[PDB]
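Okay, structure first, notes after.
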Ligand SMILES: Nc1ncnc2c1ncn2[C@@H]1O[C@H](COP(=O)(O)O)[C@@H](O)[C@H]1O
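Residue numbers (this note's numbering): 2 to 517.
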């Protein structure tokens, strides 16, 4: 298998907007591969990615300057990036020349697109899940599960094509390979949560921060953000910290990383994300923004997989496994059968100033990548939305050098390409708009007058007065007065709220009419 076949797939997919046609084309291409080509390989090329989001390997490039088989090209990619040492900085022109001499002007567009991540190919991860489970005739539930436990497409692809149902089912946790976050639905009040949970429950402060995941093996700690970027290199001090306070040698834990004031109180999560960016030099930053990490779960310890263990037990273990500093702590909990002290905790947590409560079903096992009623948020406010900036619209006059308005998409399982759920102009300052304009400019996949269709890689969090059903957008959904809250860089396109999400928040809302 070579790059011409994959190019032919890129073209086949170029022509259509239509879901199962794309599914069928990809799936066909995957069916077309025997695996020295292994498909460690391909799936990320199909996605247009190079390496998994969690890889810690980065090579990108002065692409206008460098401008004068498949296994060959993955090889090229590992051998450019990994390649850790001093003799090459720019370089890579000869590295990129090594393959390029026999490469067609046909393919070059896709090579460079892959390079700068300038590939716009419309394949969603769910569409690829469908594509794998088709091509290799496996239950998609399984490609689902194994993806949720690993977040390695290549891995689930090989296991699928070789071992099938079988092996996929048997697939388990691997350190340094991120497990997808189990997620919460919403609750009205405490007493309610207490009802759904069947009379008793865990309660936790819901902290305002970045959900992170920590993988400890020996003296090597890996820490991941919600968008599964490897944030280790950026937060060295929470590296050293998490080494010492974690008792086991092979662990995987989950927690909330909160920027705090020295008061011991949380700053807005926007700062913690500043810390991930590593804009300045970490010497300065580590003092300018201190961070505490409050662990709420244990996915793995000591060659043991905790997924299938109830909450109650996982919690006891978690407490057992960590001996806490002021810099690392097991997230504050209360297990009670009565709502009084519950809402006492709710208030204590509010006046502590983060978000709300979490309410954990005690007997709940862990379901990676699943919002459910096993976990439940309790907040003063209505949940905000993280959605992709789908399109935008410029300003006029002096503001013609500015994108003022932002077309916002959500994701639809029977579509793919991201249905629009609204447009948002309120909440931004000037520098906010210079930012968004400069940053979004590269991502424009269509230009109509002063309005623009964006290649949807950017997730912002916006609040809204009301959710209503409007088929003035495809979704039959719209937002009453959206406003910028922040851009969540710790979420990418596959992390953004779906349409069914909107549905559920709506349902909660009419229940907060009815229940009020
Ligand atoms: N102690 C906690 N336990 C669980 N989730 C938390 C906690 N503190 C903050 N959170 C947030 O709650 C979210 C629950 O999932 P969701 O709101 O669907 O993203 C997490 O992703 C975190 O951002």
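Each residue gets a CB set at the ideal place from its N, CA and C atoms; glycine is no exception.
In whole angstroms, what separates the C-alpha of residue 399 from that of residue 424? In the chain shown, counting from the first residue as 1, residue 399 sits at position 398. In the chain shown, counting from the first residue as 1, residue 424 sits at position 423. So the alpha carbons of these two residues sit roughly 22 Å apart.
On the CB-based measure, 16 or more other CB atoms within 10 Å of its CB, does residue 217 come out buried or exposed? Position 216 of the chain shown, counting from 1, holds the residue named residue 217. That one is buried.
Give a yes or no on whether the C-beta atoms belonging to residue 206 and residue 215 are separated by under 8 Å. Within the chain shown, numbered from 1, the residue matching residue 206 stands at position 205. Within the chain shown, numbered from 1, the residue matching residue 215 stands at position 214. Not closer than 8 Å, so no.
Please confirm if the segment 432 to 452 is in contact with the segment 45 to 57, defined as three or more CB-CB distances below 8 Å between the two stretches. no
Proximity to residue 68 [Cα-Cα], best of 98, 74 and 51: For this step, residue 68 is matched to residue 67 along the chain shown. Comparing Cα positions, the closest option is 98.
Which of the three DSSP states, helix, strand or coil, is assigned to residue 360? Here residue 360 corresponds to residue number 359 of the chain shown, with the count starting at 1. Three-state DSSP puts residue 360 in a strand.
Would you check whether ligand 1 has a heavy atom nearer than 7 Å to the C-beta of residue 373? The sequence position of residue 373 within the chain shown is 372, counting from 1. Answer for residue 373: no, Cβ out of range of ligand 1.
Closer than 6 Å by C-beta to residue 177: which residues in its own chain qualify, once you throw out the five before and the five after it? Chain order, please. Here residue 177 corresponds to residue number 176 of the chain shown, with the count starting at 1. Only 216 and 223 meet the Cβ criterion.
Since I believe residue 389 is in contact with residue 410 (beta carbons under 8 Å), could you give me their beta-carbon distance rounded to a whole number of angstroms? As a position in the chain shown, residue 410 is number 409, starting the count at 1. As a position in the chain shown, residue 389 is number 388, starting the count at 1. Between residue 389 and residue 410 the Cβ distance is about 5 Å, and since that is below 8 Å, they are a contact.
Under 7 Å: does the beta carbon of residue 210 sit that close to some heavy atom of ligand 1? Within the chain shown, the letter at position 209 stands for residue 210. Yes, since a heavy atom of ligand 1 falls inside the 7 Å radius drawn around the Cβ of residue 210.
Start and end residues, beta strand (DSSP E) containing residue 334: Within the chain shown, residue 334 is the residue found at index 333, counting from 1. That run of the beta strand (DSSP E) goes 334 to 337.
Can you list, in chain order, the residues of its chain with a C-beta nearer than 6 Å to that of residue 134? Leave out the 5 residues immediately preceding and following it. For the purposes of this step, residue 134 is taken as the residue at position 133 of the chain shown. 141 and 144, listed in sequence order.
Answer yes or no: do residue 391 and residue 408 have a C-beta to C-beta separation smaller than 8 Å? For the purposes of this step, residue 391 is taken as the residue at position 390 of the chain shown. For the purposes of this step, residue 408 is taken as the residue at position 407 of the chain shown. With a cutoff of 8 Å on beta-carbon distance, residue 391 and residue 408 are scored as near each other.
Sub-8 Å separation of residue 363 and residue 203 beta-carbons: In the chain shown, counting from the first residue as 1, residue 363 sits at position 362. In the chain shown, counting from the first residue as 1, residue 203 sits at position 202. Cβ atoms of residue 363 and residue 203: closer than 8 Å.
Which partner residues does residue 39 have in the DSSP bridge list? Numbered from its first residue, the chain shown carries residue 39 at position 38. The beta-bridge partner set that DSSP reports for residue 39 is empty.
From the DSSP output, in three-state form, read off residue 305 for me. Taking the chain shown and counting its residues from 1, the one referred to as residue 305 is at position 304. Of the three classes helix, strand and coil, the one that applies to residue 305 here is strand, per DSSP.
Can you tell me whether residue 437 is buried or exposed? The criterion is at least 16 other CB atoms within 10 Å of its CB, across all chains shown. Your numbering for residue 437 matches position 436 in the chain shown. Buried is the call here.
Any heavy atom of ligand 1 closer than 7 Å to the beta-carbon of residue 134? Translated into positions along the chain shown, residue 134 becomes position 133. No.
Considering residue 348, what are the terminal residues of the alpha helix (DSSP H) in which it resides? Sequence index remark: in the chain shown, residue 348 carries index 347 (1-based). Residues 340 to 352.
Since residue 150 and residue 161 are thought to touch, with beta carbons under 8 Å apart, how far apart are those beta carbons, to the nearest angstrom? Taking the first residue of the chain shown as position 1, residue 150 is located at position 149. Taking the first residue of the chain shown as position 1, residue 161 is located at position 160. Not really, about 14 Å apart at Cβ, beyond 8 Å.
Does the segment 115 to 126 come into contact with the segment 59 to 76, if we say contact requires no fewer than three beta-carbon pairs (one atom in each stretch) closer than 8 Å? yes
Put residue 83 into one of helix, strand or coil per three-state DSSP. The residue you call residue 83 lines up with position 82 of the chain shown. Residue state, collapsed to three classes: coil.
Local Cβ density within 10 Å of residue 247, reported as buried at 16 or more and exposed below that: On the chain shown, residue 247 is found 246 positions in, with the first residue counted as 1. Per the 10 Å Cβ criterion, buried.
Three-state secondary structure (DSSP) of residue 519: Residue 519 falls outside the range modelled here, since the chain spans only 2 to 517, and no answer is possible.
The alpha helix (DSSP H) spanning residue 405 covers which residue range? Counting from one through the chain shown, the residue named residue 405 turns up at place 404. Note, residue 405: premise wrong, no alpha helix (DSSP H); beta strand (DSSP E) at 404 to 410.
Consult DSSP for residue 293 and reduce its assignment to one of helix, strand or coil. Along the chain shown, one-based indexing puts residue 293 at 292. It is a strand residue.
CB of residue 227 to nearest heavy atom of ligand 1: below 7 Å? The count along the chain shown starts at 1 and reaches residue 227 at position 226. Yes, the beta carbon of residue 227 sits closer than 7 Å to at least one heavy atom of ligand 1.
For residue 423, the residue or residues it bridges with in DSSP: By one-based count along the chain shown, residue 423 stands at place 422. According to DSSP, residue 423 bridges with 409.
Beta-carbon separation (whole angstroms), residue 497 vs residue 460, contact threshold 8 Å: Mapped onto the chain shown, residue 497 falls at position 496. Mapped onto the chain shown, residue 460 falls at position 459. Contact holds; Cβ gap of about 5 Å.
Got a sec: does ligand 1 put a non-hydrogen atom nearer than 7 Å to the Cβ of residue 311? Counting from one through the chain shown, the residue named residue 311 turns up at place 310. For residue 311, the CB stays at least 7 Å from every heavy atom of ligand 1.
Taking the C-alpha atoms as reference points, what is the distance between residue 139 and residue 72? Residue mapping note: residue 139 aligns to position 138 of the chain shown, counting from 1. Residue mapping note: residue 72 aligns to position 71 of the chain shown, counting from 1. Taking C-alpha positions only, residue 139 is separated from residue 72 by approximately 25 Å.
Boundaries of the alpha helix (DSSP H) in which residue 99 is found, first to last residue: In the chain shown, the residue the question calls residue 99 occupies position 98. From DSSP, the alpha helix (DSSP H) with residue 99 extends over 94 to 101.
Leaving out the 5 sequence neighbours to the left and right, which residues in its chain are closer than 8 Å to residue 78 when beta-carbon positions are compared? Position 77 of the chain shown, counted from the first residue, corresponds to residue 78. The residues are 51, 52 and 60.
Inter-residue Cα distance where the pair is residue 369 and residue 181: Counting from 1 along the chain shown, the entry for residue 369 is found at position 368. Counting from 1 along the chain shown, the entry for residue 181 is found at position 180. Looking at the backbone, the Cα of residue 369 and that of residue 181 are separated by about 5 Å.
Is it buried or exposed for residue 243, if we count other Cβ within 10 angstroms and need 16 for buried? Counting from one through the chain shown, the residue named residue 243 turns up at place 242. Result: buried.
My assumption, with CB atoms under 8 Å, is that residue 210 sits in contact with residue 270. Please give the rounded CB distance. For the purposes of this step, residue 210 is identified with residue 209 of the chain shown, where counting begins at 1. For the purposes of this step, residue 270 is identified with residue 269 of the chain shown, where counting begins at 1. The pair is a contact, with the Cβ atoms about 5 Å apart (cut-off 8 Å).
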